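Participant: pasting the structure only:
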RNA sequence: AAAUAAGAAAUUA
Ligand SMILES: Nc1nc2c(ncn2[C@@H]2O[C@H](COP(=O)(O)OP(=O)(O)OP(=O)(O)O)[C@@H](O)[C@H]2O)c(=O)[nH]1
Ligand SMILES: [Mg+2]
């Protein structure tokens, strides 16, 4: 490829390989079981 | 180092000295150390114009040999 | 290079095996040995 | 920086704030703990040594590195040359002296002999 | 380069003791000085208060006096020395000059030619080197002379 | 993931027991399959890449070990340090954790020195030349380099070799104390009664072996005693007599007892004695106590007219110099008098003072790292201010620093105290090492501190871009399979 | 503990909603971690929290991903489920902090702020020197001087 | 120019005595103080037969009552 | 028993010889004594064995992981004598103006200093502030230790600048200096948005609002 | 409470601690008459008298 | 505001309107780009040896 | 408010406890931690915390907060069912009892 | 009372 491409285009950008461009992504994942349906007591 | 590996039965990697030697061995060993130190100093005194020094390995080897001699003497 | 670096393989070769292989390869070429090469080689041996 | 290189305290008399040496450089000099500049740490000197004697490739200072993939540029004349004295730079200084300096420089604005031979 | 608080918080809706918030004149601010500024209780505006205690400019002035005390105090705890007035003759070679008063000239280097650059102002002298000068009457030295370290001596740090 | 294949390498030490369940440290400290030869070409054995530093007796530490890390067993820790440890030293040693020490080159120096002290009478010339005639050393440096730790280590070396050792783990317990009594039988001197009592206690239990053999050459044989109690015949017995009493009696007893203890120490000329004081520089100037205003001494009728201000205004009276503390008096007496070449002071400095830069506000009480620091703000020069030979200590060089950080992180993770199952959130070792270097300046206390703070780094992008690349590679693999 | 006075309790969710400003302020989180580490106990919930929040902060100026309309509402419900997970991961932490802090204060002979429980020592809320002369929630009269939770020697 | 009496003085910052000097503060009057502390020990031994706690004010400290 | 001091492996031997040779050329900072040289060599070998360990732990970790003009390249603006380059940072349009003087350290001990004080002290040891000042050296793939920096505060002075906004301005100053010094380094920097300036300000004071800034006064229906 | 705190400063054998480590009761509590048992006492003092809480 | 309902969030100008697009989010980690490029390239060659 | 002051007092307590060989409070602390630090379970779809109904009060009204508080008041951590505490719970990340911690190490020896 | 150097994210006419 053109030396120009490898000088200017070889960095991470919203074009090339962006880190997530959006709010509210999945930060933390783990392998866990499901909780019971409606574990919260309705109250007061 | 040769002398050292006689005196300590081991290499770089209760024993304070090599075991099972006769007493005459240790006498001759001491003689040998004195001899090495001797020729060391001759060779040094000769070439002194162009400075010559006794590399660390050598010096420390002599010392550890003689220490082994010492501990032989005190166990005996 | 065989001395100081530590080799990363999926089946690591013994120091002695690698040493011998090199030695063999330098003996099969009819090369005249330089003093430095022999010196380095036998420092390999001394500490093995 | 140029003013400070040619600075002499005897010339400062009769000038106002123009007579004051460049703050940072002067205060750095006035500092004694700066005067002792550390040697290039053992790991560093070893690393460089190994690369240029054992491995046959010197370590290039970041300015001598060629960073254009498409060009080869002449290495700047200051590249490995300028040496490191904490007495010179980076500017590091005692707080007492800084206070005194700043205040002096304000109080002296009007002590200027204009008319001089 | 201090991290401490030098500004009194601005008056607002009443602050209460919360995560992340404390009362304005709470005992934990300004080392408990806020006592001086405090009108305790549900203050009845019409009938009661002490006006100066809610005033921004006045309050801030008080706080500033307190900060000044703190600094002064710490600058004096920082001294180990007295100023003695010694006649020109008997003083060390470095002070035999003229020494401009404070904030008058450029902060001044003690001895550039001998490689000492430091404020002459803040140079401190040992009571033991000035002994002959300060207590001539006494005959025998009152303080025994400083013992100094040979920096050429082979000691534990030289690896011998 | 070779987890369920993992067995545990059977326990010889306190240290080997410090390992948590595999599930906790698995990704954080990676497993590997090692194929050796027994009865079949392999039998797969799963080992961990990292293991806690060895647990080494002071006698086993050699020249070859400098800049490495070694561990101290928990019970050795109990044996050798009933006083405590140096100021912050224990912050690296929570209950589950292994107890590490970086063996520095100065550590090796003092280890050699102590090992000679053991039989000093033979080595007298060697020793005296090693300190250049002074009585021992004072170690000085910036805040938060190895000082208090180095002192800890010296206590370890000394007490493992069975030498009688005073250890004052923090000098501030004396000079900046709870309170200050005038000493009972020494006119014009003072005590720190709480410091003194706790000292008399731990000193006794640390040296009890040797101190029970010690016979008293000068102490009165008449000491006041309650019914059913015994006249001390040992130095140990004496120290016991000092601190075991109901208060207030403890208070006067401790005065008498400290005076006689030091009088006994100075009278022993053949048995090596190592005195380790952390923060000597606190003993060489004034304590923070001030002489009582003389009107407390004269008795009073009314405040109305006595010509007395004590109730009206506070005022400062001259500080009590530490040399007028009865304990410090004892020590100074041993330093300054010649004809005591029995005693070795290996001593330390503390720069733990509150920060002051030319303005001070008021410290926020929620966020204050310095609340337990001293108020000092006055300079200390070990050359002019002590009779000891000064030794200087710097920050870690990179060789020390690396070994230390590797320990803090990996042996932390092995003990279940670190990222654990979350290991993929923090960056790799090299990056952490480099960055923590930049932040800390390699100052040891700074390294400890920033190692903890690493939890909060915002701007580290490594695992992000790595994760991204691993993903891309997996999806190309899945497109090639298809 | 220096802050002794009666206080106002805020529901956990509003405390968490402060994000970087308080709940996740780096400074605060670090000395929580210090407390745990010193007690010789892993700080997992703190680390989960720090992870979630770290990332919250990183993307906090971006717009949310574009929503395509669905009769299912699977997207909306999955976003919600993830969100309440994170909320709960942090409730657990918030609980841990209050828990351990109260326990540690019990070991250090510390007196808590007014009307605060310390499990082994003060079961009903501890109070002394309140602006109001009775214990607020018991409605029982307070003794003078302030009640002591610990035996005298120090 | 009238003579030295009018040459203004120099103001030196003279340090307090050093750590090294201050060390001797604990040896000031050493003999007298040891010899005395033995007598004080007698006074203490005796006083401690009567009362549980012996104050310095029963031994070497003077406090004027009236 | 005893341990030997003399070099154990062939590796140690080789490095030990190197250190000797360096000592004979009298290069700065090299140990004159043989004991020091030994300590040095042992320590070095141990460091390299560590590096190999971290690389292995990485390879293993990698498997168990969970999941048109471009940019303006300029010439270098540097003082030919002092070898210094000068950038400026801003935040809040007024409050924070910084100027970084950046110069290359050939001894490899670099340091950053702000208004005459070490960076640690100035930012109050808070890591999440100081790493912002580290970032430009990262993005540019540089070793921060090859550079000396001094930052100068040209804005509103305050006793403590440790806070994230001030740090943003700092990071920017450093990055602009770095770009004047190593021109090509501009392209990574610009893409990671270091050189980019955000324009934000506290609202101007104004007596209409209660707090002086954002809060309108109480309203009642007539 | 005022002269007590001052006397403690002048006894000097505590020295810097009085303001820094030591805690004192708040103003209105410290003003209670000796013998005070219940907190209610603060509110049981006479309101017919203009002492500014300096009355029993 | 005054006795009237608050505007919906979308009726205010953008909260970050004054922050440049290169800042939201920051693309940091540029240092690693080249690295992974080489890596991937290298891997491709590895994956030929298996096949061929 | 947990303060650096408290952290130092904590360190000293922890140390003094280690040296007197008191293992008990460490064990209570370990227990507490083991109980309440377990990983909370991913909620089922359809499960969310209730918001306050619009068109009930005006947006500036107290009722809003009064609801939130009264909700969180009713869900006490003893009512949190999404975190798995109990004797029934298997805890892979943690050590089960006193006998598995390092100060017991002598019994772990063969 | 507030989406403005702060940190809030999904039920238009
Ligand atoms: N294992 C080990 N840890 C060390 C060593 N040096 C420092 N540390 C750690 O780093 C911290 C440095 O703190 P101190 O050693 O107490 O610092 P200091 O020199 O006494 O400084 P000041 O008391 O503040 O004058 C210690 O608490 C140790 O945890 C060391 O040589 N070996
Ligand atoms: Mg210390």
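Facilitator: Perfect, thanks for sending it. Numbering: from 1, shown residues only, chains lettered A, B, ... in the order given. Ligands and ions are numbered 1, 2, ... in the order given.
Participant: could you pull up the contacting residues of the nearest residue to residue I:131 once chain neighbours are set aside?
Facilitator: Once flanking residues are discounted, residue I:131 sits nearest to residue F:459: 5.0 Å by CB to CB, 6 or more residues apart in numbering or on different chains. C-beta coordinates here come from the backbone N, C-alpha and C atoms, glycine included. The contact partners of residue F:459, by CB atoms under 8 Å, 6 or more residues apart in numbering or on different chains, come to I:128, I:131-132, I:134-135, K:28.
Participant: nearest to RNA strand M among these?
Facilitator: residue I:128 (8.7 Å; CB to the nearest atom of the strand).
Participant: in which helix or strand would I find the closest one?
Facilitator: Element membership of residue I:128 [criterion: DSSP states H and E] is helix I:127-139.
Participant: how about the residue of chain E found nearest ligand 1: what's its closest non-neighbour residue?
Facilitator: Closest residue of chain E to ligand 1, CB to the nearest ligand atom: residue E:157 (15.8 Å). Spatial nearest neighbour of residue E:157, excluding adjacent residues (CB to CB, 6+ apart): residue F:391 at 5.1 Å.
Participant: in its sheet, what does the host helix or strand of that neighbour sit against?
Facilitator: Using DSSP H and E, residue F:391 sits in strand F:389-392. Listed by DSSP bridges, the sheet partners of strand F:389-392 and their directions read strand F:137-140 (parallel).
Participant: any part of the strand it pairs with near ligand 2?
Facilitator: No. Using CB under 5 Å from the ion, we find that strand F:137-140 stays clear of ligand 2, coming within 10.1 Å at best.
Participant: so what's residue E:4 up against?
Facilitator: Per CB under 8 Å, 6+ apart, neighbours of residue E:4: F:360-364, I:159.
Participant: find the closest residue to chain C in chain B.
Facilitator: residue B:12 (6.5 Å; CB to the nearest CB).
Participant: so who does residue H:24 touch?
Facilitator: Here residue H:24 is in contact with E:144, F:323, F:332, F:336 (criterion: CB under 8 Å, 6+ apart).
Participant: the first one: how many residues sit nearby?
Facilitator: Burial measure for residue E:144: 13 neighbouring residues, criterion other CB atoms under 10 Å in any protein chain shown.
Participant: surely it touches residue H:21?
Facilitator: Yes. Residue E:144 is within contact range of residue H:21, at 7.0 Å (criterion: CB atoms under 8 Å).
Participant: and the gap between the spatially most central residue of chain A and chain F?
Facilitator: The residue lying closest to the centre of chain A (CA atoms, centre = their mean) is residue A:25, at 4.4 Å. As for residue A:25, its distance to chain F is 11 Å (criterion: CB to the nearest CB, to the nearest Å).
Participant: before we move on, the earlier item: what's the closest non-adjacent residue to the residue of chain B closest to chain C?
Facilitator: Nearest to residue B:12 is residue I:8, by CB to CB, 6+ apart, at 4.8 Å.
Participant: look up phi and psi at that neighbour.
Facilitator: Backbone dihedrals for residue I:8, given as degrees, to the nearest 10, come out at phi -80, psi -60.
Participant: OK, contacts around it?
Facilitator: By CB under 8 Å, 6+ apart, the neighbours of residue I:8 are B:12-13, C:47, F:64.
Participant: against chain C, how distant is residue E:98?
Facilitator: 64 Å.
Participant: specify the local secondary structure of that residue.
Facilitator: Counting by DSSP: H, G, I helix; E, B strand; the rest coil, the backbone at residue E:98 sits in coil.
Participant: could you find the closest non-adjacent residue to residue E:85?
Facilitator: Looking at residue E:85 with CB to CB, 6+ apart, the closest residue is residue H:9, at 3.8 Å.
Participant: count the neighbours of the one you found for me.
Facilitator: A count of nearby residues for residue H:9, using other CB under 10 Å, gives 11.
Participant: list the contacts for it?
Facilitator: Shown in contact with residue H:9 (CB under 8 Å, 6+ apart): E:85-88.
Participant: angles on the backbone of the residue of chain B most remote from its centre, please.
Facilitator: Residue farthest from the centre of chain B, counting by CA atoms, centre = their mean, is residue B:49 at 27.3 Å. Backbone torsions of residue B:49, given as degrees, to the nearest 10, read phi -50, psi -50.
Participant: returning to what we had before: quick check: the residue of chain B closest to chain C is in a strand.
Facilitator: No. According to three-state DSSP, residue B:12 belongs to no strand; its state is coil.
Participant: does it touch residue C:47 like I think?
Facilitator: Yes. Assessed by CB under 8 Å, residue B:12 is found in contact with residue C:47 at 6.5 Å.
Participant: quick one: common contacting residues for these two?
Facilitator: Counting by CB under 8 Å, 6+ apart, the residues touching both residue B:12 and residue C:47 are I:8-9.
Participant: the two: which is more packed in?
Facilitator: Neighbour totals were compared for residue B:12 and residue C:47, and residue C:47 leads with 19 against 15 (other CB under 10 Å).
Participant: what sits against that one?
Facilitator: So residue C:47 contacts B:12, I:8-10, I:13 (CB under 8 Å, 6+ apart).
Participant: between those, which is nearest ligand 1?
Facilitator: residue I:8 (24.2 Å).
Participant: do a quick rundown of the helices in chain H.
Facilitator: Assigned by DSSP state H, the helices in chain H fall at H:19-22, H:30-50.
Participant: out of these, which is closest to chain F?
Facilitator: That would be helix H:19-22 among those, by CB to the nearest CB, at 2.8 Å.
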